[PDB]
Amino acid sequence: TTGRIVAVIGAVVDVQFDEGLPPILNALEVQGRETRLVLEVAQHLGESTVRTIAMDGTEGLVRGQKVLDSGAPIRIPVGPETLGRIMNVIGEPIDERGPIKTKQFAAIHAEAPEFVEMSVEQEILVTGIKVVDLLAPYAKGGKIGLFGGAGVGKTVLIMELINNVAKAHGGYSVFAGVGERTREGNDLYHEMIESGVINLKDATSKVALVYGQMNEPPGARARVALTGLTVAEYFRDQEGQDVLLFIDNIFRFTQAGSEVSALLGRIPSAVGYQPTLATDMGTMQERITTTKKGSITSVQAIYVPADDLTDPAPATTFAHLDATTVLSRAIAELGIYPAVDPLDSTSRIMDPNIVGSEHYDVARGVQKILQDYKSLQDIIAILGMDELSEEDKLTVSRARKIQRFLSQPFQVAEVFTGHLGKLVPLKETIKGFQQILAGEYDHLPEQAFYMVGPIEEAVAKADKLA
Amino acid sequence: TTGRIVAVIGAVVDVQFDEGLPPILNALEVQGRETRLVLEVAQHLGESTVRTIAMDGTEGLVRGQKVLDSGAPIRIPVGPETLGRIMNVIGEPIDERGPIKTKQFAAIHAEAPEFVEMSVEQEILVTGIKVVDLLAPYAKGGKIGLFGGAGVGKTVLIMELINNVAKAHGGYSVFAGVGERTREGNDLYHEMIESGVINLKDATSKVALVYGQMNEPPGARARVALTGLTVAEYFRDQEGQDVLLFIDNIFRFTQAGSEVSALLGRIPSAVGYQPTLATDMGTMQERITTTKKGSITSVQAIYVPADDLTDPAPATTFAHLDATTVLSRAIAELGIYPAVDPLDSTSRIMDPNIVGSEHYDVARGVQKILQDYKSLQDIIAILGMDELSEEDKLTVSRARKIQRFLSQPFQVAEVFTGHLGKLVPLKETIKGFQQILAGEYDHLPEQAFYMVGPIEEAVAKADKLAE
Amino acid sequence: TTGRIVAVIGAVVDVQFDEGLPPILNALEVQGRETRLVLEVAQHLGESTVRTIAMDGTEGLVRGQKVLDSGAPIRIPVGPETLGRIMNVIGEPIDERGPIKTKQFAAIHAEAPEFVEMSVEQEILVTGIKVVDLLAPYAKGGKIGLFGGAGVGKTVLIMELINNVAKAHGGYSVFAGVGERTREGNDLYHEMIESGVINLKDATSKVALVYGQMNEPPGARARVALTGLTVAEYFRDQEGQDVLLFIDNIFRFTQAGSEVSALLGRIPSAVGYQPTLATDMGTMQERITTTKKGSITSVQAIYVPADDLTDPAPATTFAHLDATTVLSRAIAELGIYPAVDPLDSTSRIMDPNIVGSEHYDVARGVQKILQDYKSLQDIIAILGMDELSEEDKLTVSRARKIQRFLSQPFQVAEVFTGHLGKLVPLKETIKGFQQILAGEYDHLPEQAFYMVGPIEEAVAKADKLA
Amino acid sequence: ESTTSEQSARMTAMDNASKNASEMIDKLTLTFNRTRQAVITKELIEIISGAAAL
Amino acid sequence: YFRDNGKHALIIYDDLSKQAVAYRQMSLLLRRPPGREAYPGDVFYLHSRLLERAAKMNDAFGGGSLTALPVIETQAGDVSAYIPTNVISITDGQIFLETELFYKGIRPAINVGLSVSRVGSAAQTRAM
Amino acid sequence: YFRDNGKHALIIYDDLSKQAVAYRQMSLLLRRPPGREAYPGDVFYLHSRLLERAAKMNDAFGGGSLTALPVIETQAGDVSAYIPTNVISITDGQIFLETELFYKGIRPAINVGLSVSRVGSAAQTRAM
Amino acid sequence: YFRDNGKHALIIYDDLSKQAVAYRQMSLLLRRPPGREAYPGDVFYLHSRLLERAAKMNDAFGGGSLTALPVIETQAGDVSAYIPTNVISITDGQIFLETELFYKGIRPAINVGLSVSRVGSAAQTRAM
Ligand SMILES: Nc1ncnc2c1ncn2[C@@H]1O[C@H](COP(=O)(O)OP(=O)(O)O)[C@@H](O)[C@H]1O
Ligand SMILES: Nc1ncnc2c1ncn2[C@@H]1O[C@H](COP(=O)(O)OP(=O)(O)O)[C@@H](O)[C@H]1O
Ligand SMILES: *N(C(=O)NC1CCCCC1)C1CCCCC1
Ligand SMILES: [Mg+2]
Ligand SMILES: [Mg+2]
């Protein structure tokens with residue numbers, strides 16, 4: 001049956017139904033619109049009225065306008081037909097290539113996998129990036145989070161990871177743009193066509209795209225991630241295989257929710273966030289996961305407001321990750337990329353029984369000397385290095401060489417750095433760091449270690465230093 | 001009069017009265033309950049409805065449940081019959097020993113003694129604790145407050161003081177457990193039976209116990225302090241004889257009040273507290289006092305939220321005291337116990353005309369060498385010590401020694417220090433600190449001064465340290 | 001028409017009218033009172049009730065009490081008969097000298113001059129004050145921030161600027177004391193009378209005073225600047241003059257506004273200021289400019305909360321200032337009066353395109369030599385003066401002479417010094433220093449340039465005896 | 001030779017130390033004001049939230 | 001009474017910090033809008049009308065006077081807190097006390113560097 | 001159940017920081033006016049109430065017991081904040097861990113000065 | 001209009017800091033929940049939807065473009081504040097101006113170390 005609009009404020013719209021009230025989460029269709037305008041039921045206000053969240057602009061709506069109950073939550077296309085295509089929050093094609101002719105649709109809302117469906121197999125996923133492989137290794141089918149303040153390198157990193165893992169992946173991938181740059185979506189789309197991971201002439205595409213960028217209204221941005229992960233859920237189960245899910249940037253989910261919460265009547269929580277921050281994130285994140293039926297290896301870029309990691313958004317996200325890569329502004333300003341903080345990045349896989357005692361001991365060793373150097377930096381800030389004991393001068397020296405050896409040229413940044421990108425094998429990474437720790441290069445100049453691949457390149461560079 | 005509950009939100013209950021409307025502060029008895037449930041009238045909302053705070057849990061209550069007005073504020077047993085007994089907020093025995101057969105009862109809400117009832121006499125009360133007796137000595141019949149963030153030593157200090165002052169004490173003592181640890185109450189209770197301070201067989205008990213701990217809902221924690229001081233008032237007035245009153249921890253009275261403030265319909269004041277913090281506190285604190293009729297020596301532990309003494313609760317408490325003992329985490333963290341901050345503890349009697357200029361000057365000398373080191377610390381931590389003069393660094397070493405001679409092995413603390421408790425006479429304290437200031441020990445090592453009693457033990461420890 | 005009081009809550013009063021409501025900003029006259037009580041309309045609550053802010057105490061008001069709508073915003077006397085008189089927010093004389101018999105009255109609220117009414121020109125408002133004119137010139141229609149509280153010769157600087165602008169421009173002045181301390185208001189009054197800028201006998205007074213004493217409610221303290229602004233607009237628009245408007249102190253203007261905002265129940269902004277911080281400041285400051293007819297130049301004493309220049313108050317004020325005058329103890333303790341800091345004080349119009357290439361080059365020269373002198377302080381202190389290079393030794397002599405030539409005796413202070421004040425014409429100032437920098441006076445003693453007018457007066461003072 | 005090297009190195013070392021200090025001073029001060037402003041704002045939003053909920 | 005009848009009085013307000021707290025209590029409970037530190041927008045006005053009543057009268061008014069010594073309690077030396085800020089700007093000068101000075105031996109613990117009297121020199125005898 | 005039937009049980013609440021965030025959510029959605037840091041004005045009572053339930057019973061009561069190890073997550077190593085001091089003010093001690101020690105090789109990363117036990121050697125064998 | 005008709009336009013927003021304070025004013029008066037620095041949760045969106053309209057159209061759409069030069073004002077060089085960080089993450093790069101370079105004569109006062117423009121670098125003349 002039909003209902004009518006009784007109120008409109010931004011993305012929040014109230015609708016009265018004289019007969020048959022639509023349950024929470026149902027999708028409603030507004031009548032008299034040139035393009036599909038969906039309203040998602042958020043709550044039953046009483047007096048046969050419901051409060052909803054619009055998935056697109058509400059300009060032009062009039063009190064009295066007719067609204068239809070679709071009889072279910074937002075449903076989108078899923079299956080092999082999504083590959084090589086670009087869709088929006090509500091499953092519509094936005095690549096101008098015609099209808100997505102799937103045999104299956106799915107609701108973007110659903111209960112998270114049950115406890116009995118969780119998997120406990122732990123296996124490393126070697127990225128070829130030194131800092132990550134050594135200190136806080138990623139895991140096949142695990143959850144990876146990339147934290148970073150403004151312009152510190154989150155996107156470059158996720159792109160390098162797509163370049164290093166997604167390409168050499170047998171299965172399918174899903175990329176979800178959430179509240180980020182549209183032209184970044186245009187670059188990505190054209191880059192994937194160039195490389196063939198997307199094909200507009202055959203059925204060989206390997207990636208499915210979902211976008212709801214920073215040009216979209218709050219409701220859309222608050223739901224695009226659900227849409228993206230819904231496409232990935234299909235590949236996970238309805239094919240029993242390995243899926244990669246990339247998301248830039250999941251923070252935008254929480255920010256968008258913060259915008260409507262201000263209009264849903266909620267009393268604000270800390271820093272003006274919605275009181276439901278943690279549970280909103282919880283019912284969403286718990287779906288982004290590997291189950292006994294299939295695996296999802298997820299990589300989520302996470303923005304950090306004002307560079308404050310104690311901001312509720314980021315601080316609540318840590319609990320959802322299997323590996324955390326925290327980018328640092330102070331590191332990036334030192335020229336060290338990727339700007340990964342080696343002491344604030346962790347992995348649930350850094351365990352001797354998983355990666356081996358050699359790998360385990362070399363990581364603890366690096367972090368130990370970095371922390372000792374850190375504890376000194378305070379005394380160095382005023383007086384400097386010249387005032388240190390002949391011994392502390394030594395930890396300083398090796399530490400500084402280690403900080404630079406963690407740095408590395410990316411293939412995906414070649415276009416602007418002018419340096420060939422590098423991919424170092426895990427065995428080569430452990431060794432290099434062992435040698436520095438053992439002192440085998442105390443006679444090599446720092447600069448020799450900055451922005452190279454394997455250890456051999458450091459020595460070679462130390463030679464070109466004549 | 002009979003009422004009917006019309007609303008229940010946590011500890012706050014609204015009752016409706018068809019006829020007589022009970023005045024603010026009256027006690028209402030809820031009907032239909034396994035155990036006595038009292039409601040205290042806080043406000044008259046209008047339309048014959050009053051707002052109340054419950055003195056025990058509200059689970060089980062139903063809208064329409066009958067409530068009776070007792071026709072008066074909460075009244076409890078007072079008198080010699082409370083000695084050796086344990087009561088709760090509403091004067092019921094909680095020691096499983098039966099009825100408190102008192103001949104009189106008394107309201108827990110009372111007007112404070114008038115200005116013409118005050119006493120100005122002030123005499124030293126030696127505790128045997130070096131830092132206190134030296135820097136901010138307590139006074140007989142005076143108000144003493146022990147400030148401290150979480151876990152810095154408030155309770156251990158109050159237990160030590162009870163041990164050193166209340167055992168000898170010939171009058172009566174009252175201990176109020178206010179929103180603290182139930183385990184601590186069972187501890188204290190058996191402690192006192194052992195010391196015979198409490199006697200379950202004869203009638204020689206010298207202490208009355210009142211408890212309302214952190215297991216209780218806010219209404220009970222907001223009034224138990226009143227209950228305890230009400231007991232103390234009777235001893236002061238209806239007997240005159242000297243009274244000791246210990247409260248752990250009176251902050252909990254203020255926190256209780258804030259737990260229900262918004263439910264009571266108030267706009268929050270700064271830092272989330274009730275707008276009535278100061279006046280609430282004043283009408284209670286002004287009752288804890290010595291008067292011309294009799295003396296009360298009060299010792300109150302005072303919680304400091306987030307370790308910030310500028311917090312409104314602790315900050316509004318300084319004005320009601322005669323002697324402040326401020327405890328610090330920065331000091332406790334160093335192994336220094338009691339963790340007293342020598343540069344933030346004070347006493348109204350620290351005056352040469354009251355304690356003698358020898359006592360005054362040494363105390364004052366200790367404070368100066370310490371403030372001077374403190375001001376120095378960060379500088380030498382950067383430029384090193386070598387830039388100091390031989391005298392400038394001679395103060396650095398004595399300062400550290402003095403800081404160590406302020407620490408002390410508490411008798412009550414044996415289970416923590418692994419050391420035999422110690423009690424130092426006032427004269428010995430002054431002497432010892434005087435000698436270090438004079439340089440008479442510049443050749444002994446620092447650690448000799450750490451955790452000892454009298455200055456002789458420092459010398460002896462130094463010998464034990466040599467070889 | 002006449003309304004009735006329906007509510008009294010401190011300095012906020014709600015008034016109800018049965019007929020036509022008074023527009024926001026209209027002045028209401030409360031009936032049945034010993035002294036005149038004015039109410040400025042703030043909002044239209046609905047139900048024919050307005051919410052007003054009070055210009056005086058509200059004790060004694062009764063619900064039902066009659067209020068008249070004057071039909072307009074607060075109106076005060078404007079015209080020549082305001083000079084030498086002291087007035088309050090509502091234009092009443094508070095000097096006990098009787099009525100302010102003007103031919104006209106003017107509303108204190110007004111729109112700023114329109115775009116087409118603006119003057120696309122940028123002219124310097126010569127002050128006759130050497131430090132200022134040369135190094136950090138005042139711009140006609142611009143805003144000057146006066147830093148340095150008491151003890152640094154502020155009051156005398158104010159009086160002399162008054163005097164000088166009257167001589168060299170025929171323009172009058174207006175002193176707006178926002179949050180004036182009564183004690184200091186009484187003293188400023190007598191110092192002006194004693195200095196002559198005020199005359200109780202003839203109509204030669206050069207300044208109109210307006211006070212908003214600290215003991216008045218927030219609304220009056222918030223509107224006084226407007227009052228004094230309105231008196232000055234009279235001289236610009238009706239007499240085509242170049243007026244001087246002093247606002248002491250602009251921070252208390254912001255605090256009053258903050259207090260008024262607090263009382264109307266408006267949610268506070270960052271650091272607790274009113275949400276309207278920038279528009280409150282804007283609707284006022286913009287009235288101060290150069291129109292086709294004349295100009296209002298404003299010197300504003302600025303208090304900086306917690307010495308933090310980034311605090312919202314000073315930060316908002318800086319968006320309107322065209323130059324600053326920094327008065328310091330350090331300079332006062334060197335005997336250089338006025339105690340203006342020659343490197344801390346600045347002006348936006350210190351540009352060749354505006355004050356000309358000659359003025360600019362001379363200025364820049366003085367700044368550099370003062371900088372170079374400050375840089376030599378080290379090498380001279382520990383080492384010796386008899387070691388600087390001939391170039392350096394000379395830059396020390398020219399610099400010291402320069403810093404003395406920035407000194408200047410004021411007329412206003414002829415009663416205390418016994419020495420005649422000086423009004424130095426711009427071209428004379430530009431040239432005087434040009435000659436010192438040129439080195440045309442390297443054969444004279446420093447003390448020859450200390451406390452004099454034109455350069456000639458330096459050469460003369462030198463001849464003295466020897 | 002030694003005292004010449006020593007006095008020129010102490011001079012240099014103390015030039016740096018002093019310049020680092022000042023820089024540290026400038027930064028802590030700016031950190032202080034940011035913090036000062038956020039505490040007030042933070043404490044005020046907290047009061048408003050409580051008041052509005054009533 | 002003294003001020004207006006040709007005599008001199010000295011009034012001490014110890015302290016205005018506690019007066020402002022009581023006024024705040026009443027404003028919050030009357031439900032007037034809360035501002036910085038939950039004080040009402042008229043708390044400044046509260047102290048300003050009180051301290052302006054201190055004054056030095058002329059001869060025609062009897063020459064009497066009334067001098068005021070308001071007291072403010074700061075927290076952790078924050079003179080930029082709200083109430084302190086208000087009373088510092090109202091007054092003609094201030095005597096700042098410090099804890100560090102006090103325990104160092106400087107008592108009275110007055111900071112001669114910051115303390116001020118805008119009246120200064122005009123209020124002291126030739127000798128001084 | 002164990003505690004009262006002559007047995008001993010050990011409980012771990014991992015963690016109470018997140019339980020307090022959920023309490024705050026539920027409480028705010030019930031329209032109970034927020035308190036300090038947006039938490040219900042009674043967050044302390046939320047946890048004090050719960051932890052008091054861990055106890056040692058006397059023989060007359062079966063002599064059983066319940067031991068509790070609650071967990072609190074700090075932000076930037078700030079044990080001194082509000083939530084953390086609340087819970088510390090309830091428990092019979094705390095074990096404080098810092099990231100600096102954890103990385104230097106001190107594992108378990110316990111900070112000795114800041115941790116405590118309120119039972120002391122009474123919980124140790126004579127040997128220990 | 002130009003962007004969609006095969007032509008090219010340049011737009012300067014001088015400045016967005018002030019636009020954001022104006023919007024904050026509108027939001028607070030509307031009683032919307034203030035967050036960091038008291039800005040509404042939707043200040044990011046205020047600028048994102050705006051600058052997203054600066055774009056380069058392909059030939060199938062006329063080949064026109066709209067280039068945007070948003071201006072942001074910082075306080076004491078704090079480029080990690082809320083607004084500045086918002087805009088950094090909207091735009092395609094930044095030209096940083098520094099007081100010290102300026103107050104030293106280097107004009108324009110561009111910090112060549114921080115400033116970036118990746119997409120512009122690819123669209124630069126071969127000669128340059
Ligand atoms: N791995 C990297 N190598 C070199 N420069 C990098 C790297 N990562 C980031 N950058 C620099 O930082 C800029 C911002 O990176 P980006 O990923 O777009 O920021 P964000 O974290 O906002 O997503 C890049 O344009 C580049 O100049
Ligand atoms: N004087 C002391 N000597 C040794 N340890 C002490 C002393 N005071 C406190 N402690 C240690 O610190 C713990 C916390 O002290 P407590 O008095 O319970 O703190 P609170 O101030 O929180 O009431 C004690 O259980 C003990 O472990
Ligand atoms: N214990 C204490 O005061 N009781 C005993 C101590 C030994 C002598 C008899 C009394 C303290 C209680 C609080 C915690 C620390 C121990
Ligand atoms: Mg990015
Ligand atoms: Mg305790």
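The basis for the numbers below is simple: all heavy atoms, side chains too, and nothing from hydrogens, waters or symmetry mates. Lettering follows sequence order; numbering is per chain, from 1.
Atom CZ of B/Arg63 is surrounded by 12 or fewer heavy atoms from other residues, nucleotides or ligands within 6.0 Å. In B/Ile9, the CD1 atom is not crowded: 12 or fewer heavy atoms of neighbouring residues, nucleotides or ligands sit closer than 6.0 Å.
The most heavy-atom pairs under 4.5 Å with chain F, out of B/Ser258, B/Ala262, B/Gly335, B/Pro217, come from B/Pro217. Note: F/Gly120 leads F/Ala55, F/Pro34, F/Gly120, F/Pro40 in heavy-atom pairs under 4.5 Å with chain B. Interface remark: of the candidates F/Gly113, F/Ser89, F/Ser48, F/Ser89 forms the most heavy-atom pairs closer than 4.5 Å to chain B. Of the residues considered (B/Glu259, B/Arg183, B/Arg221, B/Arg181), B/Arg181 shows the highest number of contacts with chain F, using heavy-atom pairs under 4.5 Å.
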Decide yes or no on salt bridge (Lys or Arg N to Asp or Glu O under 4.0 Å) for F/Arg118 and B/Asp187, but give the supporting numbers first. CA-CA 12 Å; F/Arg118 308 215 194 206; B/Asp187 308 322; over 6 Å; no

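The CZ atom of B/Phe416 sits 8.5 Å away from the OG atom of F/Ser121 when rounded to the nearest 0.5 Å. Note: B/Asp307 CG to F/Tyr82 OH = 14.0 Å, rounded to the nearest 0.5 Å.
Looking at every heavy atom in both residues, F/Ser80 comes nearest to B/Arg329 through OG-NE, 4.3 Å. Looking at every heavy atom in both residues, B/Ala306 comes nearest to F/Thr85 through N-OG1, 3.2 Å. In plain terms, the two heavy atoms of F/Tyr45 and B/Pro218 that are nearest each other are CE2-CD, 3.8 Å.
A side-chain donor-acceptor contact under 3.5 Å links F/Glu52 to the backbone of B/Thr182. Remark: the backbone N or O of B/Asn215 is not paired with any side-chain donor or acceptor of F/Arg53 at under 3.5 angstrom.
Only the side chain of F/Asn111 comes within less than 4.5 Å of a heavy atom of chain B; its backbone N, CA, C and O stay farther away. Looking at F/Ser115, neither its backbone nor its side chain comes within 4.5 Å of chain B, counting heavy atoms on both sides. If you measure heavy-atom distances from B/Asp308 to chain F, you find no contacts under 4.5 Å at all. Contact of B/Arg252 with chain F is made through the side chain alone, with heavy-atom distances under 4.5 Å. Only the side chain of B/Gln255 has a heavy atom closer than 4.5 Å to any heavy atom of chain F.
At a heavy-atom separation below 4.5 angstrom, chain B is approached by F/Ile90, F/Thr91, F/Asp92 within residues 90-101 of chain F.
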